[PDB]
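K.L.:
Here you go, one structure.
In full-length UniProt numbering, the protein residues as written are 114 to 392, 425 to 1106.
If you want it as structure tokens, here you go:
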């Protein structure tokens, strides 16, 4: 009895502060951890069938003084022999070196290479990155065009899409195209641009796709191998150099609980303990603890740009940085802004964020100015930011990992999607946790507002990664180009699109699964399907009329006059759980729905306070938003906690009513007092073993409805058809009640299975093209000879991701813009681009006139499309046309500073800048339409309209970083 060690929670190492550095060390991907596959082109050449042993030397002959692990070396060994590759792994795998090898190989071989990325920013980061490296690098986005004669070209994918449609000689020279982050083909607005680009590529060229881990990696290679007729290698690894640990932080609780361990194991003992601790500003609680215990840097992902700032506001109290670092924040800040006029440098958004970044707390989202995002990015990599508040947009950002990731929400909700984050959206985010050299492990902290079943939880975290599926559909600008060029048709691309390849590949395994379970719909022989059909059908239809009897009884007009305090009531959950007999205490009328969004029927319009025996360790105070709280019930020999307890119950938990009542003392709130009344409910079962006398729905409660009466008839014929059947009480019943149940439910599988196979034979894709071709006939774009008239070449050069490709093209040779000033064209054109809804001062009636008719001219095409058997809501296809920035783009075009037009409306400063650049690109495109169509007083007015708005802070480039 001295001092000692405890032998319960006791052990050696400290993992609190000093314990996040690796003592083990660096681990490398092994050779057995990688799996190479190779996809081959099909043979319609009968006369010759090639033997393809296509396999890499596993390490390239040429290193180019790159240092390559077994994974990178193998991926690059295919590029060496000039066959395409798909490289798939976590962002941790250093997939960028592979792209650097392709570039190096071309520059040595005196060929040209093209790098693409979905983001304009990432392509700008990859530019100077590569520009520094090889010096031979050019850059082409929608915004900027730098050094196009360059052997290497970093470009955005819609510039590649455009160039494959224009057909310039640039594509003749380029030997290799590298696709970075190819998983964006999933995205529903931008998905088509990707396949189009891929479908439009020359077969002679070669491809490097870079990806996160996807299951159908071979399926992508085969697709590529088919359309472009070449061998496509696949190199895959799941290896992650630094392991992960996922913790859940319950709502309002103090502490987190491990859920997936570093071996990827889901611990349910902890998970159910974590869901148990639920029954806001504790963001700050998390970061506080994360300050002392050493987790830096930490990324915090949320979703609304609006809630992102708020969480950085609540955490601003603490100070995360040393006096030496705060001054370091100061130097880097003043420096990166030097390209700004002192006007801009003092803009309302810049001054406020600087004291925040000084404390080590950052913010990253769409609304921040482009020079702020980059600067804060620059700041984070320099570790001057310990805590960063970001939206989902940030993880796609290239170079910036953390030690810790905190999920604000596990639910992503925009317009109609009420959905769990899916394992794909989880890994791109949660993968940021952990860094090769500096970290022990990745720490991922999930915050949970609401409890969710293990299915929802597990299928997010450890649930198998999502298949990469085609987003392909039809836009107008797509098919107009496809028609025009003689060598090809929109019919052609629709066949070679990834979507149809996918449907084509699924139907063999469907028929296999179908015919496999078509078996048991035969292979189960029920002794007699004849009489079992009658028992199953009667027993099950008996249930439905019984649920309906329970329903009408529950209605307040039928059952309320019997809610005398103290009356016995049988409580049975709608879920089927039967809590037994208890006493009514109070009944309160559920208060009227406020915003209207939560309505309920009359059966749920009351909450009854009723005392029941409950085994629940739940929270008895409130029903939550459920029918009653979450807790079980005692069954036999005093289950865990046999407690007589008052619980709130939605009136639909009413099963029966006892004929008479229990005396209720005024004082019921205490422990022994609650058990006092309960002991009487036991005392009434003394002489009532056959059941407590219930109040007959008709001959007591007085429900005489012709409806209710005729429903009771149907019930007791079904009780008679039950017993008149030989199997009522015969011990082959429960045996054979399993057999039909499988034969019937497999009927549901095979019914549903068949439905899957039907749609997988896709008519819908072609039916849409036809109906659009009908619009294009009547709109004048294509003469019925299926060829394209003047207006169709005009629309071709115009790219809007809305259907305004046609509308704008119409308004152009309606010569709608001809007589305007350049300054006012930017105004009306502003409506066609943006989406974000805006609360503004007003709509000036100088500018209110022209907006009205483009709504009219849109409603023309809108309903004109409807009669073409297309699906379009006529009401607001003019939705897309919005006037809130018209006054704002006017003022800017007039020469007003950026100080003013920010307060012109309620928009984000950085949202504004992205939207004017989106404008001055549409401006560029309208000009080319005029070079194609008609008078260049139209072409050059746009070019003038362009420079009217192309100015100080909007012409601002980038920090190249």
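All residues carry an ideal CB built from backbone N, CA and C; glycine is no exception.
With contact counted as at least three CB pairs below 8 Å, one residue from each stretch, are the region 981-993 and the region 1029-1038 in contact?
P.N.:
Yes, the region 981-993 touches the region 1029-1038.
K.L.:
Quick check: the Cα distance between residue 728 and residue 711, rounded to an integer number of angstroms?
P.N.:
For the purposes of this step, residue 728 is taken as residue 583 along the chain shown, with counting starting at 1. For the purposes of this step, residue 711 is taken as residue 566 along the chain shown, with counting starting at 1. So the two alpha carbons sit approximately 6 Å from each other.
K.L.:
Is residue 932 buried or exposed, if buried means 16 or more other CB atoms sit within 10 Å of its CB?
P.N.:
Here residue 932 corresponds to residue number 787 of the chain shown, with the count starting at 1. With fewer than 16 other Cβ atoms within 10 Å, it is exposed.
K.L.:
Using DSSP with H/G/I as helix, E/B as strand and the rest coil, what is residue 370?
P.N.:
Position 257 of the chain shown, counted from the first residue, corresponds to residue 370. Three-state DSSP puts residue 370 in a strand.
K.L.:
Going by the DSSP bridge assignment, what does residue 265 pair with across the sheet?
P.N.:
Counting from one through the chain shown, the residue named residue 265 turns up at place 152. According to DSSP, which records beta bridges pairwise, residue 265 is partnered with 226 and 250.
K.L.:
Which whole-angstrom value is the C-beta distance of residue 501 and residue 457, which I expect to be below 8 Å?
P.N.:
For the purposes of this step, residue 501 is taken as the residue at position 356 of the chain shown. For the purposes of this step, residue 457 is taken as the residue at position 312 of the chain shown. Indeed they touch by this definition, with Cβ atoms about 7 Å apart.
K.L.:
Let's see if you can read the secondary structure: which residues bound the alpha helix (DSSP H) around residue 1055?
P.N.:
Counting from one through the chain shown, the residue named residue 1055 turns up at place 910. Taken as a continuous stretch (DSSP letters only), the alpha helix (DSSP H) holding residue 1055 covers 1054-1077.
K.L.:
Check whether chain C comes within 8 Å of residue 855, counting only Cβ atoms and requiring the distance to be less than that.
P.N.:
Protein chains in the displayed structure number just one, and chain C is not present.
K.L.:
Rounded to the nearest angstrom, what separates residue 591 and residue 872 at their Cα positions?
P.N.:
The residue given as residue 591 occupies position 446 in the chain shown. The residue given as residue 872 occupies position 727 in the chain shown. Using only the alpha carbons, I get a separation of about 53 Å.
K.L.:
Can you give the Cα-Cα distance for residue 193 and residue 343, rounded to whole angstroms?
P.N.:
The count along the chain shown starts at 1 and reaches residue 193 at position 80. The count along the chain shown starts at 1 and reaches residue 343 at position 230. Each residue's Cα considered, the two are about 15 Å apart.
K.L.:
Pop quiz: residue 798 and residue 716 are said to be a contact at Cβ under 8 Å. What is the actual Cβ separation, rounded to whole angstroms?
P.N.:
Along the chain shown, read from residue 1 onward, the residue named residue 798 stands at position 653. Along the chain shown, read from residue 1 onward, the residue named residue 716 stands at position 571. Rounded, the Cβ-Cβ distance is 5 Å, consistent with contact.
K.L.:
For the pair the region 164-183 and the region 342-361, tell me if three or more CB-CB distances fall below 8 Å.
P.N.:
Yes, the region 164-183 touches the region 342-361.
K.L.:
Could you tell me the alpha carbon to alpha carbon distance between residue 1054 and residue 485, rounded to whole angstroms?
P.N.:
Taking the chain shown and counting its residues from 1, one reaches residue 1054 at position 909. Taking the chain shown and counting its residues from 1, one reaches residue 485 at position 340. Their backbone Cα atoms lie some 15 Å apart in a straight line.
K.L.:
Rounding to the nearest angstrom, what Cα-Cα distance links residue 835 and residue 810 in this structure?
P.N.:
Against the chain shown, residue 835 aligns to sequence position 690. Against the chain shown, residue 810 aligns to sequence position 665. Taking the straight line from one Cα to the other gives about 28 Å.
K.L.:
Under the rule that 16 or more other beta-carbon atoms within 10 Å means buried, what is residue 185, buried or exposed?
P.N.:
Here residue 185 refers to the residue found at position 72 of the chain shown. Buried, by the Cβ-count rule.
K.L.:
For the beta strand (DSSP E) containing residue 792, name the first residue and the last one.
P.N.:
Residue mapping note: residue 792 aligns to position 647 of the chain shown, counting from 1. Residue 792 -> beta strand (DSSP E) spans 788-795.
K.L.:
Quick one: give me the first and last residue of the alpha helix (DSSP H) that residue 959 is part of.
P.N.:
Stepping through the chain shown from its first residue, residue 959 is reached at position 814. Taken as a continuous stretch (DSSP letters only), residue 959 belongs to no alpha helix (DSSP H), as it is neither H nor E.
K.L.:
Got a sec: does the ligand PLP put a non-hydrogen atom nearer than 7 Å to the Cβ of residue 902?
P.N.:
The ligand PLP is not part of the structure shown, which contains no ligands of any sort.
K.L.:
Excluding the 5 residues preceding and the 5 following residue 549 in the sequence, name in chain order all residues of the same chain whose CB lies nearer than 8 Å to its CB.
P.N.:
Translated into the one-based positions of the chain shown, residue 549 becomes position 404. So the qualifying residues of the chain are 435, 440, 441, 442, 443, 444, 578, 587, 588, 589 and 590.
K.L.:
Quick check on the DSSP output: the alpha helix (DSSP H) that includes residue 1001 runs from which residue to which?
P.N.:
Within the chain shown, residue 1001 is the residue found at index 856, counting from 1. Taken as a continuous stretch (DSSP letters only), the alpha helix (DSSP H) holding residue 1001 covers 993-1011.
K.L.:
Tell me which residues share the same chain as residue 846 and place their Cβ nearer than 8 Å to its Cβ, disregarding the 5 neighbours each side in the sequence.
P.N.:
The sequence position of residue 846 within the chain shown is 701, counting from 1. 698, 703, 704, 707, 802 and 840.
K.L.:
Among 452, 930, 869 and 279, whose alpha-carbon lies nearest the alpha-carbon of residue 683?
P.N.:
Numbered from 1 along the chain shown, position 538 holds the residue referred to as residue 683. Considering only alpha carbons, the answer is 869.
K.L.:
Name the DSSP bridge partner or partners of residue 687?
P.N.:
Translated into positions along the chain shown, residue 687 becomes position 542. Its beta-bridge partners do not exist; DSSP assigns none.
K.L.:
I think residue 973 touches residue 996, with their Cβ atoms under 8 Å apart; what is that distance to the nearest whole Å?
P.N.:
As a position in the chain shown, residue 973 is number 828, starting the count at 1. As a position in the chain shown, residue 996 is number 851, starting the count at 1. With a Cβ gap of about 7 Å, residue 973 and residue 996 count as contacting.
K.L.:
Can you tell me which of the three DSSP states residue 909 falls into?
P.N.:
The residue labelled residue 909 in the question sits at position 764 within the chain shown. Correct three-state label for residue 909: helix.
K.L.:
Can you give, in chain order, each stretch of the alpha helix (DSSP H) that sits fully within the region 441-488 and has at least 4 residues?
P.N.:
List check, alpha helix (DSSP H) in window: 450-459 and 468-481.
K.L.:
Leaving aside the five residues before and after residue 189 along the sequence, list all residues of the same chain whose C-beta is less than 7 Å from its C-beta, in chain order.
P.N.:
The sequence position of residue 189 within the chain shown is 76, counting from 1. Closer than 7 Å at Cβ, skipping near neighbours: 173, 181, 211 and 214.
K.L.:
With a threshold of 7 Å on Cβ separation, who are the neighbours of residue 812 within its own chain once the five nearest residues in sequence on each side are excluded?
P.N.:
In the chain shown, the residue the question calls residue 812 occupies position 667. Counting only Cβ-Cβ distances below 7 Å, and skipping sequence neighbours, we find 818.
K.L.:
For residue 624, name the three-state secondary structure that DSSP assigns.
P.N.:
Translated into the one-based positions of the chain shown, residue 624 becomes position 479. Helix, per DSSP.
K.L.:
Thinking C-alpha only, which one of 1079, 309 and 874 is nearest residue 957?
P.N.:
Numbered from 1 along the chain shown, position 812 holds the residue referred to as residue 957. Per the Cα distances, 1079.
K.L.:
Can the beta-carbon of residue 288 be found less than 8 Å from the beta-carbon of residue 267?
P.N.:
The residue given as residue 288 occupies position 175 in the chain shown. The residue given as residue 267 occupies position 154 in the chain shown. No, these two residues do not count as a Cβ contact at 8 Å.
K.L.:
Sorted by chain position, which residues of the same chain lie with C-beta nearer than 6 Å to residue 952's C-beta, five sequence neighbours on each side aside?
P.N.:
Stepping through the chain shown from its first residue, residue 952 is reached at position 807. Cβ within range, chain order: 1003 and 1006.
K.L.:
For residue 998 and residue 976, what's the separation of their Cα atoms in angstroms?
P.N.:
In the chain shown, residue 998 corresponds to position 853, counting from 1. In the chain shown, residue 976 corresponds to position 831, counting from 1. Cα to Cα, the separation comes out at about 13 Å.
K.L.:
Specify the secondary structure class of residue 717 as computed by DSSP and reduced to three states.
P.N.:
Translated into positions along the chain shown, residue 717 becomes position 572. Of the three classes helix, strand and coil, the one that applies to residue 717 here is strand, per DSSP.
K.L.:
How long is the line joining the alpha carbons of residue 574 and residue 564, rounded to whole angstroms?
P.N.:
Within the chain shown, residue 574 is the residue found at index 429, counting from 1. Within the chain shown, residue 564 is the residue found at index 419, counting from 1. C-alpha separation (whole angstroms): 17 Å.
K.L.:
How far does the alpha helix (DSSP H) with residue 745 in it reach, from first residue to last?
P.N.:
Residue numbering aside, residue 745 sits at position 600 when the chain shown is read from its first letter. Neither: residue 745 is in no alpha helix (DSSP H) and is coded neither H nor E.
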